[PDB]
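S.K.:
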Amino acid sequence: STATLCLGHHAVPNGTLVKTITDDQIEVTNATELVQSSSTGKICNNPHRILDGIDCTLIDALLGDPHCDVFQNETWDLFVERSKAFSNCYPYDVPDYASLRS
Amino acid sequence: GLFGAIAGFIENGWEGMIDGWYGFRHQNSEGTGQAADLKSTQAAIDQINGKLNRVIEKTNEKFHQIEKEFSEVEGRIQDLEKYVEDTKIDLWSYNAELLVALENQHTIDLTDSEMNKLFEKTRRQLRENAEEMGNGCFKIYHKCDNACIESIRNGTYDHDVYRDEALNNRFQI
Amino acid sequence: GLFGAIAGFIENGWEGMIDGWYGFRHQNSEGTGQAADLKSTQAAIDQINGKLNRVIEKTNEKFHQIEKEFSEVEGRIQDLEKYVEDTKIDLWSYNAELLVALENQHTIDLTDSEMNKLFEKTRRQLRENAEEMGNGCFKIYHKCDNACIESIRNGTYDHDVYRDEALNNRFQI
Amino acid sequence: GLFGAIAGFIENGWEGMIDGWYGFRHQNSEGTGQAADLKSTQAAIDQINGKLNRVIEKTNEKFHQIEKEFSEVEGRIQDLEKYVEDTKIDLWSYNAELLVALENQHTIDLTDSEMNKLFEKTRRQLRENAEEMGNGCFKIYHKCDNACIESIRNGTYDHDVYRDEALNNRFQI
Amino acid sequence: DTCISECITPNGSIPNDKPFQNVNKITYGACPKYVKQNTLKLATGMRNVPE
Ligand SMILES: *[C@@H]1O[C@H](CO)[C@@H](O)[C@H](O)[C@H]1NC(C)=O
Ligand SMILES: *[C@@H]1O[C@H](CO)[C@@H](O)[C@H](O)[C@H]1NC(C)=O
Ligand SMILES: *[C@@H]1O[C@H](CO)[C@@H](O)[C@H](O)[C@H]1NC(C)=O
Ligand SMILES: *[C@@H]1O[C@H](CO)[C@@H](O)[C@H](O)[C@H]1NC(C)=O
Ligand SMILES: *[C@@H]1O[C@H](CO)[C@@H](O)[C@H](O)[C@H]1NC(C)=O
């Protein structure tokens with residue numbers, strides 16, 4: 009005589025709140041994170057040629073401060089200057105250090 | 001959402017349906033069963049994966065730019081340099097926010113739409129042989145064993161084959 | 001909008017309905033009356049107030065920036081300073097424009113959607129006891145006094161209780 | 001799109017209908033014919049031309065700005081000048097991309113909506129005198145010559161005038 | 275470190291699988307645009323109405 013047919017959709021025990029145009033937080037069955045918020049703390053030597061500046065800034069390696077001569081004729085994709093890099097030669101100053109360095 | 005099926009006329013979802021997104025549940029003479037509808041389930045999936053690709057597409061890729069952190073105070077140029085970056089971050093932070101709110105709204109309506117389309121289609125198959133109970137379930141006014149349900153589910157149900165039986169039970173027995 | 005109810009199959013609105021956004025008007029044996037549907041009315045309101053909050057949210061908040069008005073002509077830096085602000089204002093002026101056009105379109109469709117949902121739901125309650133006159137009004141084919149209308153309005157109307165009466169009048173009396 | 005009519009329950013389109021966007025095809029006693037519905041066709045057109053105007057509206061219009069091509073290397077200022085333009089082009093290139101993707105999605109749904117509205121309206125005219133074959137075609141259960149079809153098409157078809165005839169053929173002849 | 279990454283920031287390398295990042299506005303390579311938000315979940319599913 010009769011039969012019942014019911015249409016429906018899935019649900020998960022624990023969903024994920026998301027934001028939409030009209031709702032601050034609305035629960036959905038799944039979501040993906042769009043914002044990368046963490047790093048390992050290490051810089052990778054591949055695929056970009058990274059030159060570790062050790063105790064030298066680019067300028068002192070450019071001019072030739074004795075302790076930076078280890079960087080003669082070097083090439084890089086990204087030069088990494090350290091906060092504690094120091095000069096140990098004749099006191100100098102560069103008018104427009106920013107642009108020379110750039 | 002815009003449609004009314006999901007979190008609408010379909011009271012709630014089935015925590016148990018783990019084989020598809022949208023599905024059917026029947027209760028005939030032989031008993032009760034459940035089956036996911038692979039077709040509508042894949043329409044929602046395809047569309048969602050489609051926006052996913054658009055969104056997480058191909059990266060900025062910048063090399064030498066301008067300085068963003070300063071150790072000494074210099075005034076004028078440094079002021080402008082910082083403002084340039086600041087107003088930039090601000091504009092990209094808005095874009096990201098809005099983009100995510102629009103997409104989310106659409107993903108909901110879209111998935112609400114695929115539910116409501118499964119319903120109308122299934123509704124259009126049953127012709128005069130059924131009535132809608134108003135909860136997403138159709139009352140089929142004729143004997144419908146499992147092979148009968150399967151034909152509805154697989155889209156081959158012929159309504160003439162049960163019309164008169166249906167009509168009879170429907171209209172005052 | 002996308003639905004067809006508002007400024008669509010519902011010829012026009014009721015200047016008189018001042019107690020809700022969506023509502024009912026009946027005409028039975030006892031007479032005529034009107035009543036707002038607080039439920040759908042609040043769904044539209046909630047959603048609209050929801051975007052309103054998102055939009056008029058929390059302010060820029062900038063302090064020392066860069067100069068935007070100049071008394072002397074200087075060239076190069078001043079050129080760049082002005083261009084930076086100009087291209088900024090331009091990008092924010094587009095965002096504001098588009099944002100307001102998208103929201104407005106959505107607010108219309110959304111409110112058109114809540115009308116059309118009130119209709120389908122009410123339609124699904126009446127079962128076989130009514131027909132749609134095509135103007136947003138259902139012709140109820142059975143005696144329906146005020147307590148009968150109230151049950152439709154409050155969602156408790158049982159269709160079996162009037163089915164045969166309904167069916168009879170419907171199908172050639 | 002969101003509706004299901006276009007590239008949905010209406011199997012495909014008519015390469016032959018060159019007089020309108022949406023239309024009708026009937027088959028009665030007198031034969032077969034075709035006619036575009038100028039009303040729904042113009043609703044889609046108006047809306048599309050409406051966004052078209054918004055989009056291709058009024059131009060940037062900039063005069064003296066800043067330099068974007070450089071012959072000598074200078075550092076700091078030149079760095080910032082280039083970054084300013086670069087981040088600008090990037091932000092406008094996103095806007096253009098997104099704008100075109102949103103509009104396109106909407107144009108589809110909107111035109112899918114006007115199809116589905118033509119259907120429901122025509123469906124609401126036929127009252128109990130027809131059934132939906134599930135392919136966008138209504139089976140009219142009564143003699144309907146050309147002047148009868150024309151009245152449906154032009155919105156003047158009275159269903160009472162054929163109800164009993166209709167009802168009879170419908171319900172077991 | 276001896277690893278592989280195309281996106282470098284003062285803080286270390288970060289994967290560029292996502293389109294946005296909130297690690298540092300200073301980056302070199304193929305990198306996620308920087309934004310102020312620490313999270314932005316994109317809904318990859320339908321609404322969840324549990325039983
Ligand atoms: C959630 O969606 C993401 C993106 O499509 C996917 O990685 C994952 O499989 C989904 N989660 C589940 C539980 O399926
Ligand atoms: C639909 O159901 C019937 C009953 O089981 C079967 O014979 C028919 O071939 C099915 N069609 C498909 C495509 O599965
Ligand atoms: C609905 O209508 C009937 C008639 O007035 C009444 O008895 C019933 O309790 C009403 N329900 C609600 C929730 O108001
Ligand atoms: C609709 O169809 C009938 C039959 O041809 C005709 O008399 C009637 O006036 C038509 N109305 C319009 C507006 O064309
Ligand atoms: C990255 O570095 C800056 C300082 O270099 C710090 O303020 C920020 O919170 C750091 N982000 C992460 C994820 O460590």
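Residue numbers (the entry's author numbering), protein chains in the order written: chain A, 9 to 110; chain B, 1 to 173; chain C, 1 to 173; chain D, 1 to 173; chain E, 275 to 325. Ideal placement from N, C-alpha and C gives every residue a C-beta, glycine not left out.
Can you determine whether any heavy atom of ligand 2 sits closer than 7 angstroms to the C-beta of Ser-151(B), and answer yes or no?
M.R.: Checking every heavy atom of ligand 2 against the Cβ of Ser-151(B), one is found closer than 7 angstroms.
S.K.: Can you tell me where the alpha helix (DSSP H) with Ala-69(A) in it begins and where it stops?
M.R.: Its alpha helix (DSSP H) spans residues 66-71.
S.K.: Can you name the residues that DSSP bridges to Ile-6(C)?
M.R.: DSSP, once it has assigned bridges, lists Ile-10(C) as partnering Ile-6(C).
S.K.: Exposed or buried, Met-115(D), counting other C-beta atoms within 10 Å across all chains shown (16 or more means buried)?
M.R.: By the neighbour-count rule (16 or more Cβ atoms within 10 Å), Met-115(D) is buried.
S.K.: Between which two residues does the beta strand (DSSP E) containing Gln-27(C) stretch?
M.R.: Looking at the DSSP string, the run of the beta strand (DSSP E) that includes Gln-27(C) is 23-27.
S.K.: Let me see if you follow: with CB-CB separation under 8 angstroms, is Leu-2(B) close to chain H or not?
M.R.: You won't find chain H in this structure, because its protein chains are A, B, C, D and E.
S.K.: Beta-carbon of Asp-31(A) versus every beta-carbon of chain C: anything under 8 angstroms?
M.R.: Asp-31(A) counts as touching chain C.
S.K.: Taking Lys-315(E) and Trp-92(B) to be in contact with their CB atoms under 8 angstroms, please state how far apart those CB atoms are, rounded to whole angstroms.
M.R.: Wrong, their Cβ atoms sit about 18 angstroms apart, outside the cutoff.
S.K.: Could you please give me the residues that DSSP links to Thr-40(A) through a beta bridge?
M.R.: Paired residue(s): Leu-316(E).
S.K.: Rounded to the nearest angstrom, what separates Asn-95(C) and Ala-101(D) at their Cα positions?
M.R.: If you take the alpha carbons of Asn-95(C) and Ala-101(D), they lie about 16 angstroms apart.
S.K.: Between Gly-31(B), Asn-12(B), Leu-98(B) and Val-55(B), which has its C-alpha nearest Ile-149(B)'s C-alpha?
M.R.: Of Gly-31(B), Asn-12(B), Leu-98(B) and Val-55(B), the residue nearest in Cα terms is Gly-31(B).
S.K.: Is any heavy atom of ligand 4 found at a distance shorter than 7 angstroms from the C-beta of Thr-59(D)?
M.R.: Checking every heavy atom of ligand 4 against the Cβ of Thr-59(D), none is found closer than 7 angstroms.
S.K.: Please list the partners that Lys-88(D) has in chain C, where partner means a Cβ-to-Cβ separation under 7 angstroms.
M.R.: Per Cβ cutoff of 7 angstroms: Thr-87.
S.K.: Whose Cβ in chain B lies nearer than 7 angstroms to the Cβ of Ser-113(C)?
M.R.: Those within 7 angstroms of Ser-113(C) in chain B are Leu-2.
S.K.: Scan the stretch 52-72 of chain D for residues whose Cβ lies nearer than 9 angstroms to a Cβ of chain C and list them as they occur along the chain.
M.R.: Cβ contacts with chain C come from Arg-54, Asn-60, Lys-62, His-64, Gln-65, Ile-66 and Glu-67.
S.K.: At a cut-off of 7 angstroms, is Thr-156(D) close to ligand 4 when judged by its beta-carbon and the heavy atoms of the ligand?
M.R.: Yes, Cβ of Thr-156(D) sits closer than 7 angstroms to a heavy atom of ligand 4.
S.K.: Using 8 angstroms as the limit for Cβ to Cβ distance, is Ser-9(A) near chain D?
M.R.: It does not: the Cβ of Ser-9(A) has no partner Cβ on chain D nearer than 8 angstroms.
S.K.: Which residues of chain A have a Cβ atom closer than 8 angstroms to the Cβ of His-106(C), listed in chain order?
M.R.: What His-106(C) touches in chain A: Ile-29.
S.K.: Just to check, is the beta-carbon of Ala-36(C) closer than 7 angstroms to a non-hydrogen atom of ligand 3?
M.R.: Answer for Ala-36(C): no, Cβ out of range of ligand 3.
S.K.: Within 8 angstroms, do at least three Cβ pairs link the stretch 47-59 of chain A to the stretch 21-37 of chain A?
M.R.: Contact between the stretch 21-37 of chain A and the stretch 47-59 of chain A is absent, because fewer than three Cβ pairs lie under 8 angstroms.
S.K.: Only counting the same chain, and skipping five residues up and downstream in sequence, which positions put a Cβ closer than 8 angstroms to that of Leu-99(B)?
M.R.: Once the five neighbours on either side are set aside, the close Cβ partners of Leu-99(B) are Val-55.
S.K.: Look at the alpha carbon of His-142(D) and the alpha carbon of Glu-128(C), and state the distance between them as a whole number of angstroms.
M.R.: Approximately 22 angstroms between the Cα atoms of the pair.
S.K.: Would you please verify whether the beta carbon of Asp-46(C) is less than 8 angstroms from any beta carbon of chain B?
M.R.: So no, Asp-46(C) is outside the interface.
S.K.: For chain A, is any of its Cβ atoms less than 8 angstroms away from the one on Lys-307(E)?
M.R.: Not an interface residue.
S.K.: Verify the contact flag: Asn-290(E), CB atom, against every heavy atom of ligand 5, threshold strictly below 7 angstroms.
M.R.: Not under cutoff, so the answer is no.
S.K.: Mind checking whether the beta-carbon of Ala-147(B) lies closer than 7 angstroms to any heavy atom of ligand 2?
M.R.: Yes.
S.K.: Quick one: residues in its chain with C-beta nearer than 6 angstroms to the C-beta of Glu-72(D), no 5 flanking neighbours on either side, listed in chain order?
M.R.: Within the same chain, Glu-72(D) has no close Cβ partners at all.
S.K.: Provide the residue span of the alpha helix (DSSP H) that contains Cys-148(D), from first to last.
M.R.: Taken as a continuous stretch (DSSP letters only), the alpha helix (DSSP H) holding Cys-148(D) covers 146-153.
S.K.: For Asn-95(C), is the beta carbon positioned less than 7 angstroms from some heavy atom of ligand 5?
M.R.: Checking every heavy atom of ligand 5 against the Cβ of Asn-95(C), none is found closer than 7 angstroms.
S.K.: Do the stretch 77-90 of chain A and the stretch 76-84 of chain B meet, that is, are 3 or more Cβ pairs less than 8 angstroms apart?
M.R.: The stretch 77-90 of chain A, when compared against the stretch 76-84 of chain B, does not touch it at the 8 angstroms Cβ threshold.
S.K.: With 16 other CB atoms within 10 Å as the buried threshold, where does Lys-68(C) fall?
M.R.: Exposed, since its Cβ has fewer than 16 Cβ neighbours within 10 Å.
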